[PDB]
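The opening position of the sequence shown corresponds to residue 213 in the working numbering, with each subsequent residue numbered one higher. No residue lacks a Cβ here, since even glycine has one placed at the ideal position from N, Cα and C.
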Amino acid sequence: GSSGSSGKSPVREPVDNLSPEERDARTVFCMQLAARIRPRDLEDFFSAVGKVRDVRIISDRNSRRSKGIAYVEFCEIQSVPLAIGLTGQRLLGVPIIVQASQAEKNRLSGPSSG
């Protein structure tokens, strides 16, 4: 249990290790998960577009609305696009939602960088 960091997301990046910011970039946001779903279900399900390294599933009810949000990290950001389309793929009997985790972010912040 730990999080938090400082940095910026430049248009170009060197051959350096992942940055506290880049991490988010290569992160996808999922929703409308099943009642008895498991990390694997998503892992493999996402293995069709890219390999998954980690999957953070949220179970703790944050908002009244009974929704299940999850996060999946892809090998690259270019693989996120494909995942997004999946939006509407019957998973375990219940369709799954996929959207750019950053998209919802860029909005929160002002039109300018950040």
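Are the beta-carbon atoms of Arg268 and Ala282 separated by less than 8 Å? Between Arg268 and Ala282, the CB-CB gap stays under 8 Å.
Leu303 and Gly280 - do their beta-carbons sit closer together than 8 Å? no
Please identify the residue among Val306, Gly297, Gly305 and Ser275 whose C-alpha is closest to the C-alpha of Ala312. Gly297
May I ask you to verify whether the segment 305-324 touches the segment 230-241, counting CB pairs closer than 8 Å and requiring at least 3? They touch, by the three-pair rule.
Coarse secondary structure for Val261, derived from DSSP in three states: coil
Which runs of the alpha helix (DSSP H) spanning at least 4 residues fall entirely within the segment 264-306, listed in chain order? 292-298
Whole-angstrom distance between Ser278 and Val223, CA atom to CA atom: Using only the alpha carbons, I get a separation of about 37 Å.
In terms of residue numbering, what span does the alpha helix (DSSP H) encompassing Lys220 cover? From DSSP, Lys220 is part of no alpha helix (DSSP H); its letter is neither H nor E.
Is it buried or exposed, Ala260, if we count other Cβ atoms within 10 angstroms and call 16 or more buried? Under a 10 Å Cβ-count criterion, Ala260 is classified as exposed, with fewer than 16 other Cβ atoms of the shown protein chains found around its own Cβ.
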